[PDB]
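Novice: What follows is structure_1.cif, made up of mmCIF, N, CA and C atoms:
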```
data_query
#
loop_
_atom_site.group_PDB
_atom_site.id
_atom_site.type_symbol
_atom_site.label_atom_id
_atom_site.label_comp_id
_atom_site.auth_asym_id
_atom_site.auth_seq_id
_atom_site.Cartn_x
_atom_site.Cartn_y
_atom_site.Cartn_z
ATOM 1 N N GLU A 1 11.606 7.876 3.349
ATOM 2 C CA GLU A 1 10.250 8.096 2.797
ATOM 3 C C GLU A 1 9.877 6.870 1.923
ATOM 4 N N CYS A 2 8.784 6.179 2.302
ATOM 5 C CA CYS A 2 8.318 4.946 1.624
ATOM 6 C C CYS A 2 7.231 5.428 0.576
ATOM 7 N N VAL A 3 6.068 4.748 0.533
ATOM 8 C CA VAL A 3 4.844 5.230 -0.132
ATOM 9 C C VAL A 3 3.904 5.520 1.101
ATOM 10 N N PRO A 4 3.622 6.760 1.593
ATOM 11 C CA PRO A 4 2.567 7.023 2.610
ATOM 12 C C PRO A 4 1.132 6.595 2.248
ATOM 13 N N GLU A 5 0.244 6.891 3.206
ATOM 14 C CA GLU A 5 -1.221 6.722 3.103
ATOM 15 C C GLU A 5 -1.808 7.529 1.918
ATOM 16 N N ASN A 6 -2.796 6.856 1.311
ATOM 17 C CA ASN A 6 -3.433 7.180 -0.014
ATOM 18 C C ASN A 6 -2.396 7.223 -1.216
ATOM 19 N N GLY A 7 -1.089 6.929 -1.004
ATOM 20 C CA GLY A 7 -0.102 6.683 -2.067
ATOM 21 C C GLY A 7 -0.330 5.267 -2.590
ATOM 22 N N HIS A 8 -0.269 5.230 -3.913
ATOM 23 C CA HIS A 8 -0.673 4.049 -4.717
ATOM 24 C C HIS A 8 0.518 3.063 -4.748
ATOM 25 N N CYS A 9 0.312 1.819 -4.256
ATOM 26 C CA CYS A 9 1.449 0.906 -4.007
ATOM 27 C C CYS A 9 1.278 -0.441 -4.784
ATOM 28 N N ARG A 10 1.890 -1.513 -4.260
ATOM 29 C CA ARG A 10 1.997 -2.841 -4.900
ATOM 30 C C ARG A 10 2.645 -3.708 -3.793
ATOM 31 N N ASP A 11 1.916 -4.727 -3.302
ATOM 32 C CA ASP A 11 2.443 -5.688 -2.277
ATOM 33 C C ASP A 11 3.369 -6.793 -2.922
ATOM 34 N N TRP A 12 4.389 -6.308 -3.646
ATOM 35 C CA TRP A 12 5.292 -7.071 -4.546
ATOM 36 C C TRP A 12 6.509 -6.145 -4.900
ATOM 37 N N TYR A 13 6.270 -4.882 -5.348
ATOM 38 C CA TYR A 13 7.312 -3.985 -5.921
ATOM 39 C C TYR A 13 7.352 -2.635 -5.132
ATOM 40 N N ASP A 14 6.257 -1.833 -5.102
ATOM 41 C CA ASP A 14 6.249 -0.471 -4.491
ATOM 42 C C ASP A 14 5.842 -0.600 -2.996
ATOM 43 N N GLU A 15 6.804 -0.348 -2.092
ATOM 44 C CA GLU A 15 6.647 -0.648 -0.647
ATOM 45 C C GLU A 15 6.000 0.544 0.124
ATOM 46 N N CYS A 16 4.852 0.270 0.781
ATOM 47 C CA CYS A 16 4.252 1.226 1.738
ATOM 48 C C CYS A 16 5.033 1.220 3.071
ATOM 49 N N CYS A 17 4.947 2.359 3.782
ATOM 50 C CA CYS A 17 5.697 2.509 5.082
ATOM 51 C C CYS A 17 5.289 1.461 6.182
ATOM 52 N N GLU A 18 6.181 1.340 7.191
ATOM 53 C CA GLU A 18 5.932 0.583 8.443
ATOM 54 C C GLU A 18 5.200 1.567 9.418
ATOM 55 N N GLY A 19 3.904 1.371 9.330
ATOM 56 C CA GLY A 19 2.853 2.221 9.894
ATOM 57 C C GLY A 19 1.525 2.190 9.085
ATOM 58 N N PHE A 20 1.580 1.979 7.749
ATOM 59 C CA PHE A 20 0.381 1.704 6.913
ATOM 60 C C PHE A 20 0.774 0.512 5.997
ATOM 61 N N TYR A 21 -0.051 -0.533 6.025
ATOM 62 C CA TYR A 21 0.164 -1.757 5.204
ATOM 63 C C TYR A 21 -0.402 -1.525 3.773
ATOM 64 N N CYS A 22 0.288 -2.069 2.752
ATOM 65 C CA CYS A 22 -0.106 -1.885 1.337
ATOM 66 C C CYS A 22 -1.308 -2.818 0.987
ATOM 67 N N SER A 23 -2.498 -2.210 1.073
ATOM 68 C CA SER A 23 -3.801 -2.851 0.736
ATOM 69 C C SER A 23 -4.039 -2.864 -0.798
ATOM 70 N N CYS A 24 -3.823 -4.025 -1.441
ATOM 71 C CA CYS A 24 -3.843 -4.141 -2.921
ATOM 72 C C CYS A 24 -5.128 -4.917 -3.283
ATOM 73 N N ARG A 25 -6.202 -4.128 -3.423
ATOM 74 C CA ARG A 25 -7.599 -4.613 -3.646
ATOM 75 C C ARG A 25 -7.730 -5.564 -4.884
ATOM 76 N N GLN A 26 -7.207 -5.155 -6.054
ATOM 77 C CA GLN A 26 -7.055 -6.035 -7.236
ATOM 78 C C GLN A 26 -5.720 -5.584 -7.913
ATOM 79 N N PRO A 27 -4.539 -6.265 -7.778
ATOM 80 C CA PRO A 27 -3.249 -5.795 -8.367
ATOM 81 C C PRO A 27 -3.306 -5.518 -9.915
ATOM 82 N N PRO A 28 -2.763 -4.402 -10.489
ATOM 83 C CA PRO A 28 -1.867 -3.436 -9.786
ATOM 84 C C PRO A 28 -2.521 -2.313 -8.912
ATOM 85 N N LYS A 29 -3.862 -2.104 -8.846
ATOM 86 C CA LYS A 29 -4.441 -0.967 -8.068
ATOM 87 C C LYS A 29 -4.382 -1.299 -6.536
ATOM 88 N N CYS A 30 -3.771 -0.353 -5.808
ATOM 89 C CA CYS A 30 -3.425 -0.484 -4.369
ATOM 90 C C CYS A 30 -3.278 0.937 -3.768
ATOM 91 N N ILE A 31 -3.311 0.965 -2.450
ATOM 92 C CA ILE A 31 -2.929 2.164 -1.645
ATOM 93 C C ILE A 31 -2.404 1.621 -0.292
ATOM 94 N N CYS A 32 -1.822 2.581 0.408
ATOM 95 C CA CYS A 32 -1.469 2.497 1.798
ATOM 96 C C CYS A 32 -2.717 2.781 2.667
ATOM 97 N N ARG A 33 -2.804 1.887 3.619
ATOM 98 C CA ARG A 33 -3.985 1.693 4.485
ATOM 99 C C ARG A 33 -3.527 1.401 5.939
ATOM 100 N N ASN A 34 -4.014 2.201 6.906
ATOM 101 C CA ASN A 34 -3.585 2.120 8.327
ATOM 102 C C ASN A 34 -4.029 0.779 8.995
ATOM 103 N N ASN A 35 -3.109 0.196 9.786
ATOM 104 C CA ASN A 35 -3.420 -0.959 10.672
ATOM 105 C C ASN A 35 -4.100 -0.423 11.971
ATOM 106 N N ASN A 36 -5.355 -0.854 12.187
ATOM 107 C CA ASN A 36 -6.222 -0.337 13.278
ATOM 108 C C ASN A 36 -6.534 -1.509 14.231
#
```
Would you mind giving the structure from this file in structure tokens?

Specialist:
Amino acid sequence: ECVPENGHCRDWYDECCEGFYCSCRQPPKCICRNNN
């Protein structure tokens, strides 16, 4: 279990799953976001 979708992440420390990439709009605020 990684950080799923709409789970709040960090493209540096808190890893989103392989299936949704960690979209970090302005660090530290981020979520998991699906690759489409």

Novice: In Å, rounded to a single decimal, give me how far atom C of residue 24 in chain A is from CA of residue 1 in chain A.

Specialist: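 Between these atoms lies a distance of 21.0 Å.
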
Novice: Residues at most 7 Å from residue 2 in chain A, counting all atoms listed in the file, excluding those fewer than 5 positions away in the same chain, as number ranges by chain?

Specialist: A: 15-18

Novice: As a list in words, please: the residues near residue 32 in chain A (cut-off 5 Å, all atoms listed in the file, same-chain neighbours under 3 positions excluded).

Specialist: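 What passes the distance filter is residues 4, 5, 6, 7, 21, 22 and 23 of chain A.
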
Novice: Rounded to one decimal in Å, what is the spacing between atom N of residue 36 in chain A and CA of residue 12 in chain A?

Specialist: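 So the two atoms, atom N of residue 36 in chain A and CA of residue 12 in chain A, lie 20.8 Å apart.
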
Novice: Write out as a list in words each polymer residue whose atoms come within 7 Å of residue 29 in chain A, counting all atoms listed in the file; drop sequence neighbours fewer than 3 positions from it.

Specialist: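 Those residues are residues 8, 9, 10, 23, 24, 25 and 26 of chain A.
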
Novice: Report, in Å with one decimal, the straight-line distance from atom N of residue 19 in chain A to atom N of residue 31 in chain A.

Specialist: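 That distance, rounded to one decimal, is 13.8 Å.
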
Novice: How about completing range 8-30 of chain A with N, CA, C and O atoms and giving it to me as a PDB file, in the coordinates of the input?

Specialist:
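To be explicit, this is the file written out as result01.pdb:
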```
ATOM      1  N   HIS A   8      -0.269   5.230  -3.913  1.00  0.00           N
ATOM      2  CA  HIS A   8      -0.673   4.049  -4.717  1.00  0.00           C
ATOM      3  C   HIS A   8       0.518   3.063  -4.748  1.00  0.00           C
ATOM      4  O   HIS A   8       1.614   3.441  -5.182  1.00  0.00           O
ATOM      5  N   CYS A   9       0.312   1.819  -4.256  1.00  0.00           N
ATOM      6  CA  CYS A   9       1.449   0.906  -4.007  1.00  0.00           C
ATOM      7  C   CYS A   9       1.278  -0.441  -4.784  1.00  0.00           C
ATOM      8  O   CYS A   9       0.694  -0.489  -5.873  1.00  0.00           O
ATOM      9  N   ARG A  10       1.890  -1.513  -4.260  1.00  0.00           N
ATOM     10  CA  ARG A  10       1.997  -2.841  -4.900  1.00  0.00           C
ATOM     11  C   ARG A  10       2.645  -3.708  -3.793  1.00  0.00           C
ATOM     12  O   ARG A  10       3.794  -3.468  -3.401  1.00  0.00           O
ATOM     13  N   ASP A  11       1.916  -4.727  -3.302  1.00  0.00           N
ATOM     14  CA  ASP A  11       2.443  -5.688  -2.277  1.00  0.00           C
ATOM     15  C   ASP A  11       3.369  -6.793  -2.922  1.00  0.00           C
ATOM     16  O   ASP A  11       3.168  -8.003  -2.782  1.00  0.00           O
ATOM     17  N   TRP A  12       4.389  -6.308  -3.646  1.00  0.00           N
ATOM     18  CA  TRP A  12       5.292  -7.071  -4.546  1.00  0.00           C
ATOM     19  C   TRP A  12       6.509  -6.145  -4.900  1.00  0.00           C
ATOM     20  O   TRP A  12       7.650  -6.604  -4.801  1.00  0.00           O
ATOM     21  N   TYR A  13       6.270  -4.882  -5.348  1.00  0.00           N
ATOM     22  CA  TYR A  13       7.312  -3.985  -5.921  1.00  0.00           C
ATOM     23  C   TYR A  13       7.352  -2.635  -5.132  1.00  0.00           C
ATOM     24  O   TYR A  13       8.398  -2.325  -4.555  1.00  0.00           O
ATOM     25  N   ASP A  14       6.257  -1.833  -5.102  1.00  0.00           N
ATOM     26  CA  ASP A  14       6.249  -0.471  -4.491  1.00  0.00           C
ATOM     27  C   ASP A  14       5.842  -0.600  -2.996  1.00  0.00           C
ATOM     28  O   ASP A  14       4.697  -0.929  -2.669  1.00  0.00           O
ATOM     29  N   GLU A  15       6.804  -0.348  -2.092  1.00  0.00           N
ATOM     30  CA  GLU A  15       6.647  -0.648  -0.647  1.00  0.00           C
ATOM     31  C   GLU A  15       6.000   0.544   0.124  1.00  0.00           C
ATOM     32  O   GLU A  15       6.546   1.658   0.183  1.00  0.00           O
ATOM     33  N   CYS A  16       4.852   0.270   0.781  1.00  0.00           N
ATOM     34  CA  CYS A  16       4.252   1.226   1.738  1.00  0.00           C
ATOM     35  C   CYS A  16       5.033   1.220   3.071  1.00  0.00           C
ATOM     36  O   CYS A  16       5.681   0.234   3.447  1.00  0.00           O
ATOM     37  N   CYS A  17       4.947   2.359   3.782  1.00  0.00           N
ATOM     38  CA  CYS A  17       5.697   2.509   5.082  1.00  0.00           C
ATOM     39  C   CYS A  17       5.289   1.461   6.182  1.00  0.00           C
ATOM     40  O   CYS A  17       4.251   0.802   6.137  1.00  0.00           O
ATOM     41  N   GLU A  18       6.181   1.340   7.191  1.00  0.00           N
ATOM     42  CA  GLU A  18       5.932   0.583   8.443  1.00  0.00           C
ATOM     43  C   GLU A  18       5.200   1.567   9.418  1.00  0.00           C
ATOM     44  O   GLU A  18       5.729   2.442  10.109  1.00  0.00           O
ATOM     45  N   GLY A  19       3.904   1.371   9.330  1.00  0.00           N
ATOM     46  CA  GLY A  19       2.853   2.221   9.894  1.00  0.00           C
ATOM     47  C   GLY A  19       1.525   2.190   9.085  1.00  0.00           C
ATOM     48  O   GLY A  19       0.460   2.351   9.688  1.00  0.00           O
ATOM     49  N   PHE A  20       1.580   1.979   7.749  1.00  0.00           N
ATOM     50  CA  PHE A  20       0.381   1.704   6.913  1.00  0.00           C
ATOM     51  C   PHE A  20       0.774   0.512   5.997  1.00  0.00           C
ATOM     52  O   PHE A  20       1.777   0.537   5.278  1.00  0.00           O
ATOM     53  N   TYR A  21      -0.051  -0.533   6.025  1.00  0.00           N
ATOM     54  CA  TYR A  21       0.164  -1.757   5.204  1.00  0.00           C
ATOM     55  C   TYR A  21      -0.402  -1.525   3.773  1.00  0.00           C
ATOM     56  O   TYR A  21      -1.451  -0.891   3.602  1.00  0.00           O
ATOM     57  N   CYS A  22       0.288  -2.069   2.752  1.00  0.00           N
ATOM     58  CA  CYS A  22      -0.106  -1.885   1.337  1.00  0.00           C
ATOM     59  C   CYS A  22      -1.308  -2.818   0.987  1.00  0.00           C
ATOM     60  O   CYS A  22      -1.165  -4.002   0.664  1.00  0.00           O
ATOM     61  N   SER A  23      -2.498  -2.210   1.073  1.00  0.00           N
ATOM     62  CA  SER A  23      -3.801  -2.851   0.736  1.00  0.00           C
ATOM     63  C   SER A  23      -4.039  -2.864  -0.798  1.00  0.00           C
ATOM     64  O   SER A  23      -4.406  -1.838  -1.382  1.00  0.00           O
ATOM     65  N   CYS A  24      -3.823  -4.025  -1.441  1.00  0.00           N
ATOM     66  CA  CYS A  24      -3.843  -4.141  -2.921  1.00  0.00           C
ATOM     67  C   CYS A  24      -5.128  -4.917  -3.283  1.00  0.00           C
ATOM     68  O   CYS A  24      -5.148  -6.145  -3.419  1.00  0.00           O
ATOM     69  N   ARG A  25      -6.202  -4.128  -3.423  1.00  0.00           N
ATOM     70  CA  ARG A  25      -7.599  -4.613  -3.646  1.00  0.00           C
ATOM     71  C   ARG A  25      -7.730  -5.564  -4.884  1.00  0.00           C
ATOM     72  O   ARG A  25      -8.275  -6.663  -4.747  1.00  0.00           O
ATOM     73  N   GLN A  26      -7.207  -5.155  -6.054  1.00  0.00           N
ATOM     74  CA  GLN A  26      -7.055  -6.035  -7.236  1.00  0.00           C
ATOM     75  C   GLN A  26      -5.720  -5.584  -7.913  1.00  0.00           C
ATOM     76  O   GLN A  26      -5.751  -4.562  -8.601  1.00  0.00           O
ATOM     77  N   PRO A  27      -4.539  -6.265  -7.778  1.00  0.00           N
ATOM     78  CA  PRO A  27      -3.249  -5.795  -8.367  1.00  0.00           C
ATOM     79  C   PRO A  27      -3.306  -5.518  -9.915  1.00  0.00           C
ATOM     80  O   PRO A  27      -3.888  -6.352 -10.619  1.00  0.00           O
ATOM     81  N   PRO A  28      -2.763  -4.402 -10.489  1.00  0.00           N
ATOM     82  CA  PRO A  28      -1.867  -3.436  -9.786  1.00  0.00           C
ATOM     83  C   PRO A  28      -2.521  -2.313  -8.912  1.00  0.00           C
ATOM     84  O   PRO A  28      -1.738  -1.609  -8.263  1.00  0.00           O
ATOM     85  N   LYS A  29      -3.862  -2.104  -8.846  1.00  0.00           N
ATOM     86  CA  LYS A  29      -4.441  -0.967  -8.068  1.00  0.00           C
ATOM     87  C   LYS A  29      -4.382  -1.299  -6.536  1.00  0.00           C
ATOM     88  O   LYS A  29      -4.810  -2.356  -6.060  1.00  0.00           O
ATOM     89  N   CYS A  30      -3.771  -0.353  -5.808  1.00  0.00           N
ATOM     90  CA  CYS A  30      -3.425  -0.484  -4.369  1.00  0.00           C
ATOM     91  C   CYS A  30      -3.278   0.937  -3.768  1.00  0.00           C
ATOM     92  O   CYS A  30      -3.065   1.933  -4.459  1.00  0.00           O
TER      93      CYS A  30
END
```
